[PDB]
Every structure is written in C-alpha cells, then in structure tokens.
>>> print(open('run.cif').read())   # mmCIF, C-alpha atoms
data_query
#
loop_
_atom_site.label_atom_id
_atom_site.label_comp_id
_atom_site.auth_asym_id
_atom_site.auth_seq_id
_atom_site.Cartn_x
_atom_site.Cartn_y
_atom_site.Cartn_z
CA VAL F 1002 15.18 4.93 11.60
CA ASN F 1003 11.59 3.62 11.55
CA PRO F 1004 9.00 6.38 12.20
CA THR F 1005 6.95 6.36 15.41
CA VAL F 1006 3.54 8.05 15.48
CA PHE F 1007 0.64 7.95 17.97
CA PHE F 1008 -3.07 8.53 18.69
CA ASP F 1009 -4.63 9.96 21.86
CA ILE F 1010 -7.92 8.05 22.17
CA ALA F 1011 -11.08 9.52 23.67
CA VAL F 1012 -14.37 7.82 24.51
CA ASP F 1013 -16.97 10.58 23.91
CA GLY F 1014 -14.34 13.27 24.43
CA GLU F 1015 -13.23 11.83 27.76
CA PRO F 1016 -9.58 10.82 27.25
CA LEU F 1017 -8.76 7.15 27.71
CA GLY F 1018 -5.08 6.90 26.81
CA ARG F 1019 -2.42 7.07 24.08
CA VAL F 1020 -1.38 4.49 21.47
CA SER F 1021 1.92 4.73 19.60
CA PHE F 1022 2.87 2.79 16.48
CA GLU F 1023 5.99 1.81 14.60
CA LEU F 1024 5.70 2.35 10.84
CA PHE F 1025 7.76 -0.13 8.85
CA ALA F 1026 9.45 2.29 6.41
CA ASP F 1027 12.00 -0.46 5.93
CA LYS F 1028 9.32 -2.53 4.14
CA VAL F 1029 6.56 -0.17 3.00
CA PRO F 1030 7.94 3.42 2.62
CA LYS F 1031 5.22 5.06 0.59
CA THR F 1032 2.53 3.24 2.56
CA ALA F 1033 4.14 4.18 5.89
CA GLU F 1034 4.93 7.74 4.82
CA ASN F 1035 1.24 8.36 4.00
CA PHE F 1036 0.10 7.31 7.51
CA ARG F 1037 2.91 9.47 9.03
CA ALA F 1038 1.99 12.65 7.15
CA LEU F 1039 -1.63 11.88 8.14
CA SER F 1040 -1.07 11.50 11.88
CA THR F 1041 0.80 14.83 12.02
CA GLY F 1042 -1.40 16.82 9.66
CA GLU F 1043 1.49 18.24 7.58
CA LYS F 1044 -0.80 18.40 4.49
CA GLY F 1045 -3.81 20.08 6.16
CA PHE F 1046 -5.89 16.96 6.87
CA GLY F 1047 -5.57 13.91 9.07
CA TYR F 1048 -6.66 11.60 11.83
CA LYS F 1049 -6.85 14.18 14.69
CA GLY F 1050 -10.56 14.55 15.27
CA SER F 1051 -11.68 11.52 13.22
CA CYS F 1052 -13.23 8.41 14.76
CA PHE F 1053 -13.30 4.60 14.73
CA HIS F 1054 -16.59 4.03 12.89
CA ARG F 1055 -16.05 0.29 12.64
CA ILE F 1056 -14.89 -1.72 15.66
CA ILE F 1057 -15.46 -5.46 15.63
CA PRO F 1058 -14.45 -7.20 18.89
CA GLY F 1059 -11.83 -9.89 18.40
CA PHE F 1060 -11.27 -8.72 14.82
CA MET F 1061 -10.11 -5.11 14.51
CA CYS F 1062 -10.80 -1.42 14.98
CA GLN F 1063 -11.13 0.62 11.79
CA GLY F 1064 -10.74 4.34 11.25
CA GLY F 1065 -9.14 6.88 8.92
CA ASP F 1066 -12.32 8.40 7.45
CA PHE F 1067 -11.76 12.11 8.11
CA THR F 1068 -14.04 13.30 5.29
CA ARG F 1069 -17.22 11.12 5.44
CA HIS F 1070 -16.71 9.35 8.83
CA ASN F 1071 -19.07 6.50 7.83
CA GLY F 1072 -16.65 4.34 5.88
CA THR F 1073 -17.07 6.29 2.61
CA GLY F 1074 -14.30 8.87 2.50
CA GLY F 1075 -10.76 9.70 3.42
CA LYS F 1076 -7.78 10.35 1.17
CA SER F 1077 -3.99 10.03 0.95
CA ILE F 1078 -1.25 12.62 0.43
CA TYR F 1079 -1.15 11.60 -3.24
CA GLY F 1080 -4.77 12.67 -3.75
CA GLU F 1081 -7.45 9.96 -3.62
CA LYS F 1082 -6.32 6.30 -3.52
CA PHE F 1083 -3.02 4.52 -4.32
CA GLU F 1084 -1.53 1.12 -5.29
CA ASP F 1085 -0.66 -1.99 -3.31
CA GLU F 1086 3.06 -1.31 -2.93
CA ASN F 1087 3.57 -4.95 -1.79
CA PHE F 1088 2.48 -7.96 0.28
CA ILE F 1089 5.49 -8.97 2.39
CA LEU F 1090 4.32 -8.40 5.98
CA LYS F 1091 1.54 -10.45 7.51
CA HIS F 1092 -1.36 -9.93 9.91
CA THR F 1093 0.45 -12.00 12.56
CA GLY F 1094 -1.49 -10.80 15.60
CA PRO F 1095 -3.05 -8.05 17.77
CA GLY F 1096 -1.47 -4.63 17.25
CA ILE F 1097 -0.85 -4.92 13.51
CA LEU F 1098 -1.56 -1.76 11.52
CA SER F 1099 -2.77 -2.54 8.02
CA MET F 1100 -4.40 -0.61 5.16
CA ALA F 1101 -8.17 -0.83 4.68
CA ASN F 1102 -9.40 -0.95 1.06
CA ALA F 1103 -12.17 -1.60 -1.48
CA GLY F 1104 -10.19 -4.03 -3.62
CA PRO F 1105 -6.55 -4.12 -4.87
CA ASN F 1106 -4.76 -0.79 -5.43
CA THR F 1107 -7.35 1.27 -3.57
CA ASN F 1108 -5.31 2.47 -0.57
CA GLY F 1109 -6.48 5.86 0.66
CA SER F 1110 -6.29 6.83 4.35
CA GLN F 1111 -8.53 4.29 6.06
CA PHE F 1112 -6.73 1.70 8.14
CA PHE F 1113 -7.39 -0.78 10.90
CA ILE F 1114 -5.70 -1.97 14.10
CA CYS F 1115 -6.01 -5.74 14.55
CA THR F 1116 -7.04 -7.10 17.94
CA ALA F 1117 -6.30 -10.71 16.93
CA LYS F 1118 -4.44 -12.77 14.30
CA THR F 1119 -6.19 -12.11 10.99
CA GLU F 1120 -4.25 -14.19 8.46
CA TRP F 1121 -7.10 -14.35 5.94
CA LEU F 1122 -6.39 -10.71 5.09
CA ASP F 1123 -2.85 -11.63 4.10
CA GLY F 1124 -2.27 -10.82 0.46
CA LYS F 1125 -5.39 -8.67 0.35
CA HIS F 1126 -4.33 -5.95 2.78
CA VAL F 1127 -0.98 -4.17 3.08
CA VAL F 1128 0.48 -4.37 6.58
CA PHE F 1129 2.68 -1.36 7.29
CA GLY F 1130 3.03 -0.97 11.05
CA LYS F 1131 2.44 -2.20 14.59
CA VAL F 1132 1.35 -0.86 17.97
CA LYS F 1133 4.51 -0.13 19.95
CA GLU F 1134 2.70 0.71 23.18
CA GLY F 1135 -0.92 1.27 24.13
CA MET F 1136 -2.45 -2.02 22.91
CA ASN F 1137 -3.93 -2.01 26.41
CA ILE F 1138 -5.90 1.06 25.38
CA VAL F 1139 -7.28 -0.85 22.37
CA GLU F 1140 -8.45 -3.53 24.82
CA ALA F 1141 -11.14 -1.30 26.38
CA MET F 1142 -11.41 0.61 23.09
CA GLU F 1143 -12.70 -2.69 21.67
CA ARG F 1144 -15.62 -3.04 24.14
CA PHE F 1145 -17.35 -0.26 22.20
CA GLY F 1146 -18.23 -2.08 18.98
CA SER F 1147 -21.08 -4.50 18.23
CA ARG F 1148 -20.90 -7.82 16.39
CA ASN F 1149 -21.73 -5.93 13.20
CA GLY F 1150 -19.21 -3.28 14.23
CA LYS F 1151 -21.41 -0.31 15.15
CA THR F 1152 -19.99 1.30 18.31
CA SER F 1153 -21.86 1.98 21.57
CA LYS F 1154 -20.06 5.31 22.09
CA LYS F 1155 -17.92 7.68 19.98
CA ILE F 1156 -14.33 6.46 19.86
CA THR F 1157 -12.28 9.46 18.72
CA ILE F 1158 -8.66 10.29 17.92
CA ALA F 1159 -8.42 13.15 20.39
CA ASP F 1160 -4.79 13.93 19.33
CA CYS F 1161 -1.98 12.32 17.25
CA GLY F 1162 1.53 13.00 15.95
CA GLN F 1163 5.15 11.87 15.31
CA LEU F 1164 7.78 11.37 18.06
CA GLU F 1165 10.71 9.97 16.08
CA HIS N 101 -17.25 0.69 0.67
CA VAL N 102 -13.97 0.22 2.52
CA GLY N 103 -13.38 -2.45 5.14
CA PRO N 104 -11.74 -5.79 6.01
CA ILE N 105 -14.03 -8.75 6.73
CA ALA N 106 -14.46 -12.25 8.22
#
>>> encode(input="run.cif", output="structure tokens")
Amino acid sequence: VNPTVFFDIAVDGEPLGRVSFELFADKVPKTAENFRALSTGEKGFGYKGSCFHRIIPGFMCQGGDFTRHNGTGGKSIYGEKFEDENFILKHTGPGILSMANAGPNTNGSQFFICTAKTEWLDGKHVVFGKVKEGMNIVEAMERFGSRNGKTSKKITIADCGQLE
Amino acid sequence: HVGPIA
C-alpha cells in the first residue's frame, strides 16, 4: 500500500548510490502524495537534477529546491505552499523524511533527511516518510556539509522515481 | 527562508 520512491545520489556528477524511502500515506496522504509526484516528475518538475544545498552533519540533509537551489524556491503540486496536514509522526531518528518550512502551513517541496534523532522539530515539522534502504549512502553524503551547512562538493539527485 | 534548525 505505502508508496516507495527513491533518489540516485551523485557527488559532483559521480554516482555514489541510491536511497529509497517509504512514504506514510497511511498517516499523511496529501503530504506523501506531493513528495511522490515530485520524485517521479509527473507534473513537469521535481527533484531529479536538484541538489542538497544544506547538509549539517549529525543533524540532517536538506533539499527540494528545484527552482532557486539556494533555499529560496521550490513548489508543490498544489501550486506554491500548503498546510500542516497534521503532527502525529515524530522525528524519532536517522532516516526520517520530514517537510522543511518557513513557519506553520508553509509546506512546499523542500524537505530534509534526518541523520540523527531531532525531537525538537516535533510539532513544528510534518514527518511523512523514512529511508527504507540507502541510509548508508547518506552516511558519506553527510561528510560534505560544514557546521553551518554549506557543502564541500555538489550533492545532487542524479535520478529518482517510484517503485511501488 | 526555509530550513529546520538547532
């Protein structure tokens, strides 16, 4: 039932590995659906080609900005931003896929992959998925981000899509 | 101005 999507990560174009995720459509349908129709491209815009502009070691890896790529753009399948469907799932550990935002009800297309337990974001960020396999790719993926978050090299989503 | 913190 639950949708499975993935990202083929590249470090400067040189492929590193794949990372698949499980979207919790059983908890956050609209939130999950958005990310699904964004990883496939079935609306003419998505993650394939975009990068991880903000990677903070021990914290998370952020991406989703396919328009401005500097943490300023990106959009959902319902236009610009969208509401905070709910706050039922928590940032319980590394692998968690949660929505990035600029305050409540501002969910667009940016998201982040947690590389640690980030419970302080609970109630402020909508969790909607989790790395199924490839967290090991996010290990090394995380060595390319400074304390402030600025990467050392270009971490790109070489390819992505839905498998089930 | 999108991003998690802390």
>>> resolve_selection(input="run.cif", expression="the PyMOL selection byres ((chain F) within 6 of (chain N))", output="list in words")
residues 1072, 1073, 1101, 1102 and 1103 of chain F
>>> write_last_selection(input="run.cif", atoms="C-alpha atoms", output="mmCIF file, in the frame of the given file")
data_model
loop_
_atom_site.group_PDB
_atom_site.id
_atom_site.type_symbol
_atom_site.label_atom_id
_atom_site.label_comp_id
_atom_site.auth_asym_id
_atom_site.auth_seq_id
_atom_site.Cartn_x
_atom_site.Cartn_y
_atom_site.Cartn_z
ATOM 1 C CA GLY F 1072 -16.650 4.340 5.880
ATOM 2 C CA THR F 1073 -17.070 6.290 2.610
ATOM 3 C CA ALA F 1101 -8.170 -0.830 4.680
ATOM 4 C CA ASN F 1102 -9.400 -0.950 1.060
ATOM 5 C CA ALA F 1103 -12.170 -1.600 -1.480
#
>>> residues_around(input="run.cif", residues="residue 1065 (chain F)", least_positions_apart="3", cutoff="8 Å", atoms="all atoms listed in the file", output="JSON, numbers by chain")
{"F": [1047, 1048, 1051, 1052, 1053, 1070, 1075, 1110, 1111, 1112]}
>>> resolve_selection(input="run.cif", expression="the PyMOL selection byres ((chain F and resi 1133) around 10)", output="PyMOL selection string")
chain F and resi 1005-1007+1020-1024+1096-1097+1130-1132+1134-1136
>>> write_last_selection(input="run.cif", atoms="C-alpha atoms", output="PDB file, in the coordinates of the input")
ATOM      1  CA  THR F1005       6.950   6.360  15.410  1.00  0.00           C
ATOM      2  CA  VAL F1006       3.540   8.050  15.480  1.00  0.00           C
ATOM      3  CA  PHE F1007       0.640   7.950  17.970  1.00  0.00           C
ATOM      4  CA  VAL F1020      -1.380   4.490  21.470  1.00  0.00           C
ATOM      5  CA  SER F1021       1.920   4.730  19.600  1.00  0.00           C
ATOM      6  CA  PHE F1022       2.870   2.790  16.480  1.00  0.00           C
ATOM      7  CA  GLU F1023       5.990   1.810  14.600  1.00  0.00           C
ATOM      8  CA  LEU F1024       5.700   2.350  10.840  1.00  0.00           C
ATOM      9  CA  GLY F1096      -1.470  -4.630  17.250  1.00  0.00           C
ATOM     10  CA  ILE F1097      -0.850  -4.920  13.510  1.00  0.00           C
ATOM     11  CA  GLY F1130       3.030  -0.970  11.050  1.00  0.00           C
ATOM     12  CA  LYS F1131       2.440  -2.200  14.590  1.00  0.00           C
ATOM     13  CA  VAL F1132       1.350  -0.860  17.970  1.00  0.00           C
ATOM     14  CA  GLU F1134       2.700   0.710  23.180  1.00  0.00           C
ATOM     15  CA  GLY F1135      -0.920   1.270  24.130  1.00  0.00           C
ATOM     16  CA  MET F1136      -2.450  -2.020  22.910  1.00  0.00           C
TER      17      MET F1136
END
>>> atom_distance(input="run.cif", atom1="CA of residue 1078 (chain F)", atom2="CA of residue 1157 (chain F)")
21.6 Å
>>> resolve_selection(input="run.cif", expression="the PyMOL selection byres ((chain F and resi 1028) around 10)", output="PyMOL selection string")
chain F and resi 1003+1024-1027+1029-1033+1086-1090+1128-1130
>>> atom_distance(input="run.cif", atom1="CA of residue 1159 (chain F)", atom2="CA of residue 1071 (chain F)")
17.8 Å
>>> atom_distance(input="run.cif", atom1="CA of residue 1137 (chain F)", atom2="CA of residue 1161 (chain F)")
17.1 Å
>>> closest_residue(input="run.cif", among="F:1034, F:1123, F:1084, F:1043", to="residue 1004 (chain F)", atoms="all atoms listed in the file")
F:1034
>>> closest_residue(input="run.cif", among="F:1107, F:1163, F:1147, F:1063", to="residue 1080 (chain F)", atoms="all atoms listed in the file")
F:1107
>>> build_atoms(input="run.cif", residues="region 1031-1056 of chain F", atoms="N, CA and C atoms", output="mmCIF file, in the coordinates of the input")
data_model
loop_
_atom_site.group_PDB
_atom_site.id
_atom_site.type_symbol
_atom_site.label_atom_id
_atom_site.label_comp_id
_atom_site.auth_asym_id
_atom_site.auth_seq_id
_atom_site.Cartn_x
_atom_site.Cartn_y
_atom_site.Cartn_z
ATOM 1 N N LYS F 1031 6.305 4.214 1.027
ATOM 2 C CA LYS F 1031 5.220 5.060 0.590
ATOM 3 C C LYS F 1031 3.950 4.841 1.401
ATOM 4 N N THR F 1032 3.729 3.591 1.797
ATOM 5 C CA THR F 1032 2.530 3.240 2.560
ATOM 6 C C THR F 1032 2.630 3.801 3.969
ATOM 7 N N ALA F 1033 3.828 3.683 4.554
ATOM 8 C CA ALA F 1033 4.140 4.180 5.890
ATOM 9 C C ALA F 1033 4.148 5.703 5.882
ATOM 10 N N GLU F 1034 4.875 6.291 4.935
ATOM 11 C CA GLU F 1034 4.930 7.740 4.820
ATOM 12 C C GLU F 1034 3.535 8.392 4.855
ATOM 13 N N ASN F 1035 2.604 7.846 4.070
ATOM 14 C CA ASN F 1035 1.240 8.360 4.000
ATOM 15 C C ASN F 1035 0.592 8.479 5.406
ATOM 16 N N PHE F 1036 0.637 7.378 6.156
ATOM 17 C CA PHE F 1036 0.100 7.310 7.510
ATOM 18 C C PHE F 1036 0.826 8.314 8.457
ATOM 19 N N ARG F 1037 2.118 8.546 8.207
ATOM 20 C CA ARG F 1037 2.910 9.470 9.030
ATOM 21 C C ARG F 1037 2.506 10.918 8.812
ATOM 22 N N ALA F 1038 2.396 11.307 7.543
ATOM 23 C CA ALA F 1038 1.990 12.650 7.150
ATOM 24 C C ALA F 1038 0.485 12.880 7.385
ATOM 25 N N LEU F 1039 -0.197 11.841 7.853
ATOM 26 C CA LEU F 1039 -1.630 11.880 8.140
ATOM 27 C C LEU F 1039 -1.896 11.978 9.639
ATOM 28 N N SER F 1040 -0.948 11.479 10.433
ATOM 29 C CA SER F 1040 -1.070 11.500 11.880
ATOM 30 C C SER F 1040 -0.555 12.823 12.455
ATOM 31 N N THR F 1041 0.234 13.535 11.652
ATOM 32 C CA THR F 1041 0.800 14.830 12.020
ATOM 33 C C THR F 1041 -0.080 15.954 11.502
ATOM 34 N N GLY F 1042 -0.551 15.805 10.264
ATOM 35 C CA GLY F 1042 -1.400 16.820 9.660
ATOM 36 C C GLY F 1042 -0.671 17.702 8.647
ATOM 37 N N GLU F 1043 0.630 17.463 8.478
ATOM 38 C CA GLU F 1043 1.490 18.240 7.580
ATOM 39 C C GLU F 1043 1.071 18.387 6.095
ATOM 40 N N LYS F 1044 -0.228 18.253 5.831
ATOM 41 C CA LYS F 1044 -0.800 18.400 4.490
ATOM 42 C C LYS F 1044 -2.194 19.052 4.653
ATOM 43 N N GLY F 1045 -2.534 19.421 5.886
ATOM 44 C CA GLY F 1045 -3.810 20.080 6.160
ATOM 45 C C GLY F 1045 -5.023 19.203 6.420
ATOM 46 N N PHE F 1046 -4.802 17.905 6.627
ATOM 47 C CA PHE F 1046 -5.890 16.960 6.870
ATOM 48 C C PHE F 1046 -5.332 15.685 7.471
ATOM 49 N N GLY F 1047 -6.051 15.121 8.432
ATOM 50 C CA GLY F 1047 -5.570 13.910 9.070
ATOM 51 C C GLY F 1047 -6.495 13.246 10.057
ATOM 52 N N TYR F 1048 -5.910 12.348 10.838
ATOM 53 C CA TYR F 1048 -6.660 11.600 11.830
ATOM 54 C C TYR F 1048 -7.114 12.391 13.075
ATOM 55 N N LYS F 1049 -6.406 13.455 13.485
ATOM 56 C CA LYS F 1049 -6.850 14.180 14.690
ATOM 57 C C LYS F 1049 -8.265 14.731 14.531
ATOM 58 N N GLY F 1050 -9.167 14.168 15.322
ATOM 59 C CA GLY F 1050 -10.560 14.550 15.270
ATOM 60 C C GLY F 1050 -11.445 13.435 14.724
ATOM 61 N N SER F 1051 -10.914 12.624 13.803
ATOM 62 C CA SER F 1051 -11.680 11.520 13.220
ATOM 63 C C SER F 1051 -11.937 10.400 14.234
ATOM 64 N N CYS F 1052 -12.845 9.500 13.879
ATOM 65 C CA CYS F 1052 -13.230 8.410 14.760
ATOM 66 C C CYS F 1052 -13.044 6.974 14.229
ATOM 67 N N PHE F 1053 -13.369 6.010 15.077
ATOM 68 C CA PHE F 1053 -13.300 4.600 14.730
ATOM 69 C C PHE F 1053 -14.740 4.135 14.511
ATOM 70 N N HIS F 1054 -15.230 4.367 13.290
ATOM 71 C CA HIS F 1054 -16.590 4.030 12.890
ATOM 72 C C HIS F 1054 -16.891 2.534 12.878
ATOM 73 N N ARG F 1055 -15.858 1.724 12.684
ATOM 74 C CA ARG F 1055 -16.050 0.290 12.640
ATOM 75 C C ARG F 1055 -15.127 -0.467 13.602
ATOM 76 N N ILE F 1056 -15.684 -0.963 14.699
ATOM 77 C CA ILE F 1056 -14.890 -1.720 15.660
ATOM 78 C C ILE F 1056 -15.574 -3.051 15.897
#
